[PDB]
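Secondary and tertiary structure notes
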Amino acid sequence: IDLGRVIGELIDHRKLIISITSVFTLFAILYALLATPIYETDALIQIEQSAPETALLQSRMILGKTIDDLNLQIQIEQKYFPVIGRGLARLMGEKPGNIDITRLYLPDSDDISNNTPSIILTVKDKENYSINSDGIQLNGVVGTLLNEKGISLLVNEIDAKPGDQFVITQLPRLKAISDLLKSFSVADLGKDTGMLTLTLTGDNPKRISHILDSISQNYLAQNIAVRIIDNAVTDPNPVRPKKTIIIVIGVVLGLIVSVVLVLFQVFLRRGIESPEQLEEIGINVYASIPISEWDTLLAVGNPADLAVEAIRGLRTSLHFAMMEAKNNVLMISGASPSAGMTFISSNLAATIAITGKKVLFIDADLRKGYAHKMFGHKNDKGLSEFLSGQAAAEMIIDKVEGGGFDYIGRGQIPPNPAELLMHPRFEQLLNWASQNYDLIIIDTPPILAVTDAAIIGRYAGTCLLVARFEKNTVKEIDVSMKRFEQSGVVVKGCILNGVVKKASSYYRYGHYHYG
Amino acid sequence: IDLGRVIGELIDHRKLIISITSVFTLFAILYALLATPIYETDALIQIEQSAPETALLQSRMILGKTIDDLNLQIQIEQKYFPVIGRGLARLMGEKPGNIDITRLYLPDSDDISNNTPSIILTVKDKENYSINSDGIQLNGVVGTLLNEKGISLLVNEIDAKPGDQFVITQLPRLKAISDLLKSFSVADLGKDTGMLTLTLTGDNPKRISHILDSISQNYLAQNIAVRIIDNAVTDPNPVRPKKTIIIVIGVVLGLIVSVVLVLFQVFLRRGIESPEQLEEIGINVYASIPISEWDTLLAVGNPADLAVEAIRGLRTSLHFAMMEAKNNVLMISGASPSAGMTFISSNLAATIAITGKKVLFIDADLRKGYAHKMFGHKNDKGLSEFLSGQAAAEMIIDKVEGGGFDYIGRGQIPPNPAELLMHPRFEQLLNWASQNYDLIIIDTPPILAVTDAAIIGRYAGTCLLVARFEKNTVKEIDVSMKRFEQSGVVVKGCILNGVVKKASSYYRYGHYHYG
Amino acid sequence: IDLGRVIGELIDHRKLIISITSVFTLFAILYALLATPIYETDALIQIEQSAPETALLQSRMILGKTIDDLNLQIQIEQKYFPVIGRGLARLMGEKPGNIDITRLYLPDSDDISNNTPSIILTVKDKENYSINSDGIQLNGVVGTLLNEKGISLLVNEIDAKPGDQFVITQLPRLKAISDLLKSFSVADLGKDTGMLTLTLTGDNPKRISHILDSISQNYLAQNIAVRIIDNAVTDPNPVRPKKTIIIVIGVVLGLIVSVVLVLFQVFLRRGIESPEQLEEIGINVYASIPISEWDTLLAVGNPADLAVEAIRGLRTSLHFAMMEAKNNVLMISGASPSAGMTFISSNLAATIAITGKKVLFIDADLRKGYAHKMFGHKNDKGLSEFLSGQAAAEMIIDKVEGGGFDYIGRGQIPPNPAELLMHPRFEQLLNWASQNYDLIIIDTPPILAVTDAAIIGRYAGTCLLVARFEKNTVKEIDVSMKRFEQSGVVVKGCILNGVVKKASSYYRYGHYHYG
Ligand SMILES: Nc1ncnc2c1ncn2[C@@H]1O[C@H](COP(=O)(O)OP(=O)(O)O)[C@@H](O)[C@H]1O
Ligand SMILES: Nc1ncnc2c1ncn2[C@@H]1O[C@H](COP(=O)(O)OP(=O)(O)O)[C@@H](O)[C@H]1O
Ligand SMILES: Nc1ncnc2c1ncn2[C@@H]1O[C@H](COP(=O)(O)OP(=O)(O)O)[C@@H](O)[C@H]1O
Ligand SMILES: [Mg+2]
Ligand SMILES: [Mg+2]
Ligand SMILES: [Mg+2]
């Protein structure tokens with residue numbers, strides 16, 4: 001491989017690359033803007049050692065004392081239903097509410113799993129509130145204590161707007177101690193001095209400084225039954241989430257996944273990409289037809305279409321190839337369905353009719369031929385009725401209205417399509433038509449699916465295959481050619497159909513307007 | 001690859017290389033001259049240890065004491081609207097102003113984000129000044145204190161020119177302490193001695209020395225409730241920005257980006273560069289025409305042009321190639337539009353007419369032919385009107401004025417250009433003209449876009465393709481030749497057009513004046 | 001590559017190699033002889049530790065005390081206008097002057113940048129002197145103090161010759177301390193003993209020893225409020241610049257730059273170097289003509305020239321090649337101008353005329369032919385006038401005086417040179433001349449520039465190309481041959497012209513005298 005190939009591949013897949021990278025970067029931005037910020041407070045302690053003091057600070061006696069002093073076993077969480085409600089509320093500038101609770105005693109359900117009882121408190125005004133544990137609604141008032149239904153609560157100084165809801169949990173003392181220990185750090189910072197740096201993290205910048213001051217006071221008071229050089233203050237800039245590294249990670253991750261996905265698609269492609277793939281195998285390509293982005297004949301509705309220009313190129317190529325052919329019959333076939341055989345056949349018939357030659361178009365697709373719909377029809381008396389013997393050769397020929405050539409439709413779909421085509425009446429029809437017309441074009445079903453084209457091809461002096469631009473593979477076309485050669489039918493060459501513009505190709509068609 | 005190639009590439013791209021390097025170096029110089037200089041002061045302290053003293057110096061008690069003593073919570077910034085105003089003002093030799101403020105109390109808005117209140121003070125004279133916080137204009141006088149609108153201010157010794165504006169911020173004490181700590185360093189410098197080196201950086205060389213003296217005095221006074229060997233002095237040479245390394249980095253960065261960009265363009269080029277690329281594929285090149293930097297025929301306006309000399313070379317080559325041709329008709333075509341087919345065709349007709357031969361020029365580009373504009377025209381009765389049957393072969397031929405040959409214009413643009421050219425009247429016209437002229441030159445549309453040239457080429461004894469020097473690729477020309485061969489038209493060879501001088505080429509044309 | 005090639009390349013480029021190396025070595029010698037010498041003094045101190053004493057010696061208290069004692073803030077510099085004046089003065093044996101100044105007070109301008117005031121003192125005699133700060137001229141006398149114009153000066157013991165000028169600077173105390181600190185070093189030299197080695201460098205060998213003695217005394221005196229084992233003495237041999245390493249570096253740098261430059265030129269050469277380069281491509285070389293270092297014909301002025309000998313070799317080669325040629329016409333052409341086509345053509349005509357054969361020389365360079373100047377002329381009625389029809393074939397032929405052959409000049413420069421040559425009168429002239437002469441030689445313009453030679457070559461039975469020895473490339477000659485072949489002109493072979501002696505060649509011509 002070379003760099004031009006990969007650059008063209010990136011240019012072609014730019015829509016997917018951009019979409020994937022933008023999606024990943026949007027998710028990264030949403031996380032870096034909706035994650036709750038985490039602040040850090042710290043304090044500095046003087047030791048007159050300092051290895052066992054580190055274990056004494058993190059022990060459950062000191063931390064438990066702090067928790068008892070500060071009532072850290074009463075967890076209060078402002079309620080937002082979604083997982084992004086809190087982040088949005090912070091972004092909108094809404095001030096978070098808080099409640100001071102000095103006494104809480106839940107009935108302590110203490111079942112197998114839920115060791116932490118919790119209730120929901122809804123604020124009705126600055127004074128009263130509603131409480132529900134499991135649907136049991138009670139009304140309480142700030143100030144006066146509540147002792148009802150096995151529930152004790154004392155609420156002071158509700159500072160929020162009415163309608164807010166708060167989850168109040170009474171978690172066990174060990175759970176509180178473990179929570180405090182997880183966010184608490186002690187370090188020496190000199191490895192030999194009596195200086196210890198205590199650190200604490202949390203989402204409330206005032207609460208963490210109060211908690212660290214409590215820890216320092218408890219440790220100092222316990223030791224004298226040590227000097228606090230720096231009492232706890234909180235850095236106002238949150239330490240998490242780290243926004244810029246998150247966004248950079250998101251962008252780079254999006255780019256790498258996009259690149260590997262494009263590499264995956266490029267390594268898994270097998271369709272035809274240029275006429276050179278067919279010409280390596282030894283197959284003549286007579287034209288490349290682009291997709292016309294424009295029940296009508298294209299060569300009649302839009303004669304100045306680019307696909308019709310490419311078909312005029314095919315017309316001039318054929319006028320030279322079909323010299324020294326045994327008769328004036330051309331058969332168009334292909335490997336797979338919807339490659340474009342009917343499109344090519346009918347539009348070629350129209351462009352050859354505009355030059356003043358008499359053209360007969362035969363729809364010999366007895367299984368799915370729709371040419372009568374595309375030309376305007378009297379669907380009676382098609383090729384079926386003629387072959388089965390219930391029609392004559394003069395009742396089946398009709399005129400294309402905006403075209404200028406004659407045609408024969410398929411007729412009624414028969415039960416034995418391949419066997420009807422083997423009747424000698426088919427060759428009688430071809431020999432009769434070959435004397436009243438300058439050209440006969442026969443449209444057929446694909447050869448890999450059924451065998452009708454190989455029957456028809458015995459009486460055609462020229463045979464061309466239609467290959468679809470991206471769908472078909474080189475192996476398919478080669479197998480189709482060999483299946484034709486085995487039945488005694490020589491295939492003159494190929495027509496590539498439905499070509500589109502690709503930056504990776506480096507093959508230049510003339511698929512652009514000139515005028 | 002070899003070194004001659006890369007040297008030629010650099011010579012060719014020197015304009016881009018020089019421009020990019022000069023832009024990057026100019027940006028580096030602008031930064032190294034507009035960045036505010038940062039000075040450094042330092043002091044030396046004697047310790048009679050020295051590991052915990054390092055943590056005691058950087059603690060908030062000592063630094064906070066210094067900040068309280070020196071009023072470092074009053075931030076004063078001289079106001080320049082742009083981000084380069086201060087640098088320009090320093091470069092112009094303008095002396096920065098300063099104000100001594102001993103008492104500041106802003107109303108402490110203290111909203112969600114802006115924790116630092118700030119006002120703007122405009123100097124009206126040496127005595128009075130104007131103050132605005134949020135549009136509230138007040139007048140104050142140096143000396144007498146101001147207590148108005150919840151704002152307290154005391155300003156002493158305004159030393160600036162009238163019209164200056166200063167931002168006065170009252171930042172919080174922790175913010176001041178963090179600012180001081182960021183620019184403050186303590187080191188041991190012997191790792192065992194009682195010597196400590198204290199360092200401080202900042203943009204004011206006197207303020208930083210005062211701050212470091214205050215820190216040293218506070219630490220010394222606190223310890224005795226230590227010897228200061230060296231009091232703080234400031235190195236007069238700024239430590240940042242480091243100009244020479246910045247400029248060197250800018251130059252080297254410019255060179256590397258230029259080299260990679262030129263390498264990128266060289267690896268992405270696919271156009272034809274020399275006739276050897278076409279001759280490898282097996283295509284005869286009959287001439288290489290340079291760009292003529294000079295609605296007129298070039299071979300008539302400037303007969304001594306270099307392009308006309310190259311076209312005389314083509315004339316002598318053709319006089320030998322067109323021997324043993326079936327008729328005296330030459331068709332010029334090409335792959336893509338604006339390769340130079342009309343330019344070559346018409347100028348070749350002029351140079352062959354000056355040698356005394358009778359020449360007919362036919363503009364068979366029925367879609368975009370403009371030869372009638374370039375020759376001086378009676379636009380009626382062109383090739384269209386003749387082919388469609390509404391004109392005779394004697395009414396369509398006209399004389400080029402400054403030329404010396406006959407011509408046929410396209411006529412009115414028809415709706416069916418390819419089908420008009422297929423009329424037997426075209427061959428009748430060619431056979432009639434072939435007996436009254438020594439040479440007929442036919443100009444055509446490009447073959448990749450439309451098929452008209454392949455129709456015309458059946459009656460031309462000689463056919464040449466025009467390839468544009470840098471635009472076309474070898475694949476394009478090969479595809480054009482094969483599309484012609486498929487239609488039964490043998491292409492004699494190619495003409496390379498619009499060649500220019502490239503140091504990387506190492507192919508020598510004769511594109512220079514001799515006279 | 002092999003060693004013989006590179007040795008020959010060095011032999012050929014020896015002039016450049018020697019010049020570059022000599023230039024670099026001369027610059028190195030000039031630096032190593034003009035750089036001011038820097039002396040070193042040192043002293044040895046005993047410590048009864050020694051880690052903090054190192055920081056105490058380099059502190060600003062001790063160094064500042066030394067500077068105050070020795071008045072090191074008075075900088076005196078003897079004035080030389082150029083940057084090599086001092087070095088030359090030292091080399092000429094001139095004794096540097098000195099002035100003892102005990103009191104200096106400049107007005108202390110103290111602007112934004114120039115913190116160091118300076119004045120210029122011009123010595124008028126042993127007693128009086130002139131002083132100028134900014135053009136303000138004052139007269140002072142040794143002894144009596146000066147207090148004028150805000151300037152205080154006391155000068156003692158002027159020891160210099162009259163006319164000398166000295167810059168006297170009053171630099172700030174910190175600048176003096178930093179200057180002293182930069183040149184001062186302290187080391188332990190045992191890493192554990194009480195021995196310290198103090199070192200000081202400077203351009204004055206007595207001043208530095210005095211300064212180091214002052215530093216030692218101040219440190220010793222301060223400590224007792226330490227033993228000086230060795231007081232300061234100066235090594236009389238300067239420590240910088242180190243001459244031999246500088247000169248060796250200069251020589252080696254010159255050699256490496258010379259070698260890379262010669263390698264650069266050798267890798268960038270593309271011209272023809274030997275006839276073998278042309279014979280690989282399949283081109284017969286019939287002669288190699290050397291440069292003749294000798295408006296005259298060389299074969300007449302200096303018949304025993306080496307170039308004329310090589311041309312006699314060409315004459316004998318041609319007498320055998322031109323057998324079985326269709327006529328007796330020889331055309332000489334070439335690729336590029338000033339390859340030597342006229343030189344070869346005319347001198348070949350002279351050497352063939354001395355053998356008793358009748359020779360006609362035709363100057364068919366209608367664009368820049370100067371043969372009439374070189375033969376002695378009647379410039380009227382040349383080839384132009386004949387072709388345009390205004391002269392006959394008998395009025396245009398003239399005699400070369402010192403030669404022995406006939407010639408036709410170009411005539412008046414025409415506006416249509418290529419079209420004049422296409423007249424059938426040219427072939428009439430050639431057919432008439434072919435019956436009255438044994439040989440006709442035609443000189444032409446180069447074929448890459450214009451096409452005239454390809455027109456003339458149709459009527460020449462033999463055609464030779466001239467290639468210039470170093471200017472032309474193999475690609476040029478091959479392109480010229482192919483441009484001739486395309487026009488139906490067969491080129492017999494080549495003549496290499498202007499060959500010179502190259503040690504790298506290893507191709508031996510016979511370009512030496514034999515006689
Ligand atoms: N180059 C093309 N541009 C636009 N439409 C095309 C092109 N080729 C085929 N088609 C359309 O795509 C559809 C499938 O092609 P069709 O010719 O009917 O398939 P089949 O090979 O089975 O006979 C048709 O509706 C056809 O009109
Ligand atoms: N070697 C050239 N030097 C200067 N101008 C040129 C050269 N070749 C083409 N042109 C000019 O560039 C324009 C486009 O070329 P043209 O011959 O008209 O294109 P086309 O190939 O479509 O017929 C024209 O205006 C032409 O005169
Ligand atoms: N081998 C040579 N030795 C000395 N002078 C030479 C040699 N070859 C050419 N010259 C001189 O160098 C100049 C340029 O060569 P000239 O023959 O006039 O060039 P051109 O190829 O254009 O006809 C002339 O003055 C010529 O006399
Ligand atoms: Mg179909
Ligand atoms: Mg054109
Ligand atoms: Mg000459």
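Residues numbered from 1 in each chain as written, not as in the entry; some residues may be left out. Chains lettered and ligands numbered in written order. Part of a larger assembly, values for the part shown. Heavy atoms only, no water.

Method information in the entry identifies cryo-EM as the source of the structure, with 2.49 Å recorded as the resolution.

This next bit is on the overall build of chain A. Across its full length, chain A holds 18 helices and 20 strands. Relative to its length of 515 residues, chain A is extended, with a C-alpha radius of gyration of 42 Å against a globular reference of 24 Å. Projected onto its principal axes, the C-alpha coordinates of chain A cover approximately 125 × 60 × 45 Å. Among the 515 residues that make up chain A, the fraction classed as buried is 48%. Of the accessible surface of chain A, which amounts to about 26200 Å², a share of 56% is contributed by carbon and sulfur atoms. Separation of charge centres in chain A, based on 49 positive and 55 negative side chains, amounts to 4 Å. (Helix = DSSP H or I, 4+ residues; strand = E, 2+ residues; numbered from the N terminus. Rg over C-alpha atoms; globule rule 2.2 N^0.38 Å. Buried < 20%, exposed > 50% of the residue type's maximum accessible area, 1.4 Å probe, protein only. Areas by Shrake-Rupley, 256 points an atom, 1.4 Å probe, with all protein chains shown as cover. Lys, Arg positive; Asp, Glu negative; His and termini not counted. Charge placed at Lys NZ, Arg CZ, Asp CG, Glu CD.)

Turning to the UniProt feature "binding site: Mg(2+) 1" (unreviewed entry) in chain A, a few remarks are in order. Residue and element names in this part refer to chain A. According to UniProt, the positions carrying the feature "binding site: Mg(2+) 1" (unreviewed entry) are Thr342. Looking at where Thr342 falls in the secondary structure, it is placed in helix α12 (residues 341-353). Judged by its relative accessible area of 18%, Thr342 falls in the buried class. Ignoring any residue separated from it by four or fewer positions in sequence, one finds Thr342 in contact with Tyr370, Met374 and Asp443. (UniProt positions renumbered as here; feature names shortened; annotations may be inferred. Contact = heavy atoms within 4.5 Å.)

Glancing now at the site of ligand 1. All names here are of chain A. Taken together, 14 residues lie near ligand 1, and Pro290, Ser338, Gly340, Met341 and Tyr370 sit nearest. In this structure, an oxygen atom belonging to ligand 1 sits 3.0 Å away from a main-chain N or O atom of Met341. One of the side-chain N or O atoms of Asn497 is found 3.0 Å from a nitrogen atom in ligand 1. Summarising the interface, the protein chains cover 71% of the accessible area of ligand 1, which totals 570 Å² for the free molecule. (Near = heavy atom within 4 Å. Polar contact = N/O pair within 3.5 Å; in protein donor to acceptor, adjacent residues only side chain to side chain.)

Here we come to the site of ligand 3. Residues and elements named next belong to chain C. Ligand 3 sits among 14 residues. The nearest are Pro290, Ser338, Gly340, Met341 and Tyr370. At 2.6 Å, a side-chain N or O of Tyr370 approaches an oxygen atom of ligand 3. A distance of 3.0 Å is found between a nitrogen atom of ligand 3 and a side-chain nitrogen or oxygen belonging to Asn497. Protein contact buries 74% of the 570 Å² of open area that ligand 3 shows by itself. Of all elements in the fold, only α12 (341-353) and β20 (493-499) reach the threshold of two or more residues within the shell around ligand 3.

Taken together, the contact pairs 39 residues of chain C with 39 residues of chain B. Around 3300 Å² of area is buried between chain C and chain B when both sides are counted, 60% of it from carbon and sulfur atoms. Area buried by chain C at its contact with chain B is led by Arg60(C), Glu419(C) and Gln486(C), which between them contribute 19% of it. The tally of links between chain C and chain B comes to 7 salt bridges. Residues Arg270(C) and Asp2(B) are paired through a salt bridge, measuring 3.8 Å at the closest nitrogen-oxygen approach. The interface formed by chain C and chain B includes 12 residue pairs in polar contact. If you list the elements that add at least two residues to the side of chain C that touches chain B, you get α3 (52-57), α4 (60-70), α15 (417-420), α17 (452-456) and α18 (474-486) of chain C. Ranked by the residues each element gives to the side of chain C that touches chain B, the list is headed by α18(C), at 4 residues. (Buried area = accessible area lost by both parts, 1.4 Å probe. Salt bridge = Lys/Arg side-chain N within 4 Å of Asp/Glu carboxyl O.)

Another aspect to go through is the packing of aromatic side chains. The relation between two aromatic rings is expressed through the spacing of the ring centres and the mutual angle of the planes. Summed over the entire model, instances satisfying the criterion amount to 15 aromatic pairs over all chains. With a centroid separation of 6.5 Å and an interplanar angle of 55°, the aromatic rings of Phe361(B) and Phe405(B) are classed as tilted. With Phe361(B) in strand β15 (residues 359-363) and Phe405(B) in the loop between β16 (397-399) and β17 (406-408), this residue pair connects regions lying 44 residues apart in the sequence. Residue classification places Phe361(B) among the buried positions, given a relative accessible area of 0%. On the basis of relative accessible area, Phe405(B) is assigned to the buried category, the value being 1%. Between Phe375(B) and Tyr407(B), the aromatic rings sit 4.9 Å apart at their centres with planes inclined by 80°, giving edge-to-face as the arrangement. Of the two residues, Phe375(B) sits in helix α13 (residues 371-375) while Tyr407(B) sits in strand β17, which places them 32 residues apart along the sequence. A single burial state applies to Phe375(B) and to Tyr407(B), both of which are buried. Taken together, the ring pairs in this structure connect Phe361(A), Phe375(A), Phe405(A) and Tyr407(A) into an aromatic cluster. The ring centre of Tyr437(C) lies 3.8 Å from the NZ or CZ of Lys358(C), which sits over that ring. (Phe/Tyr/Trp six-rings, centres within 6.5 Å; stacked < 30°, edge-to-face > 60°. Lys NZ or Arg CZ within 6 Å of the ring centre and 35° of its normal.)

What follows deals with the UniProt feature "binding site: Mg(2+) 2" (unreviewed entry) in chain A. All names here are of chain A. Under the UniProt annotation, "binding site: Mg(2+) 2" (unreviewed entry) lies at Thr342, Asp365 and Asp443. For the annotated residues, spread through 102 residues, the largest C-alpha to C-alpha distance comes to 9.5 Å, consistent with a single compact locus. Mapped onto the secondary structure, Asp365 falls in the loop between β15 (359-363) and α13 (371-375). Contacts of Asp365, omitting those with residues within four sequence positions, involve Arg410, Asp443, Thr444 and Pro445.

Once that is clear, we can look at α12(C). In an α-helix there are 3.6 residues to a turn, and that puts residues three or four apart on one side. Spanning 13 residues, α12(C) covers 18 Å between terminal C-alpha atoms, matching the ideal 18 Å at 1.5 Å per step. A large share of α12(C) lies buried, amounting to 12 of its 13 residues. (Expected span 1.5 Å × (residues − 1).)

This paragraph deals with the pairing of strand β8 (residues 151-159) of chain A. Residues and elements named next belong to chain A. As defined by bridge partners, strand β3 (residues 98-105) adjoins β8 across 6 bridges and the pair is classed as antiparallel. Paired with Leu104 across the bridge in β8 is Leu153. Inspection of the sheet shows strand β7 (residues 146-148) paired to β8 by 3 bridges, in the antiparallel sense. Among the inter-strand pairings, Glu148 is bridged to a residue of β8, identified as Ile151. (Pairing = 2+ DSSP bridges.)

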